[PDB]
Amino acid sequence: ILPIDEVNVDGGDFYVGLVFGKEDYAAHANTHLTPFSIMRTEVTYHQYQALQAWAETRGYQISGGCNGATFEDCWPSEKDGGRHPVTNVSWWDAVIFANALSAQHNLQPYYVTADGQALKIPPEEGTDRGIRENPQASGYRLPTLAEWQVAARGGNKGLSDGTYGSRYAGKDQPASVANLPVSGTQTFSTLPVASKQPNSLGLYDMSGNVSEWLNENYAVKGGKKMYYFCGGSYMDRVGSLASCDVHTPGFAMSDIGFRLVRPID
């Protein structure tokens, strides 16, 4: 069993959007969340490799994965004990990983094929569209945009301590909290997770290190799906924690990883 470091995030009414700074966010809340648990860090390569090995014989195909990144390449798998965020994982890899972790912890899978069972293998081209999400499942999944944003902003704790309006997670200035390119940077690489300061929920690297896949769909014409990823990375300078972009679910890159959530009942 893979042991998971997660934090409970209390629910309630919250502001999600592009406004930052000292404002009365309580007066402008626009999304409702139920409580959920979130991983304190990005999933590490060491975690990813370990569940890969466990799930291979149980029918799950969790593919790719590198130990962080140095420029656009992977670090050697043993560097810093494999504690860099895993990179070069697709959205499919992430949600299959999520199902395998659910199984491991004897929880119900959130992502299922059209026949209602656990997604274990990425769908063949076309059959993509029959994949379902089970909102009653107790298992791990990718965060929604609202969940991820609220968590990045510190939730109720950030509201209480006045950091909810921080442009980056935990603090309005990025160097102390986020591995993101900065003026004159001479190095472009991931760091072991939780090398910088946390936000008010005790989460690490919501800003920077790797960008993070979300559950959130971005609707497009044609045969392909697209999903958000947020937060910036060691090579992707962003202006705030509200900056996201999108990719198809089969895509992977040296600066995109993930972290998971699960509902609390």
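All residue numbers refer to positions in the sequence shown, first residue = 1.
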### Task
Higher average CA B factor in the deposited record is what I'm after, so tell me if that's 39-47 or 205-213.
39-47
### Task
Determine, for stretches 147-155 and 168-176, which one has the higher mean CA B-factor as deposited.
168-176
### Task
Would you mind checking which of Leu241, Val16, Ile256, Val246 has the top Cα temperature factor in the PDB entry?
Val16
### Message
In terms of recorded Cα temperature factor, pick the maximum from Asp128, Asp93, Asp73, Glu133.
### Response
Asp128
### Task
Looking at the entry's B-factor column for C-alpha atoms only, identify whether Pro192 ranks in the lowest, middle or highest third of its chain.
lowest
### Query
Which third, lowest, middle or highest, does the CA B-factor of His105 fall in along this chain?
highest
### Query
Going by the entry, which third of its chain does the Cα temperature factor of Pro198 land in?
middle
### Chain-relative CA temperature factor third for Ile1
highest
### Task
Ordered by C-alpha B-factor within the chain, which third holds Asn67? Give me lowest, middle or highest, please.
lowest
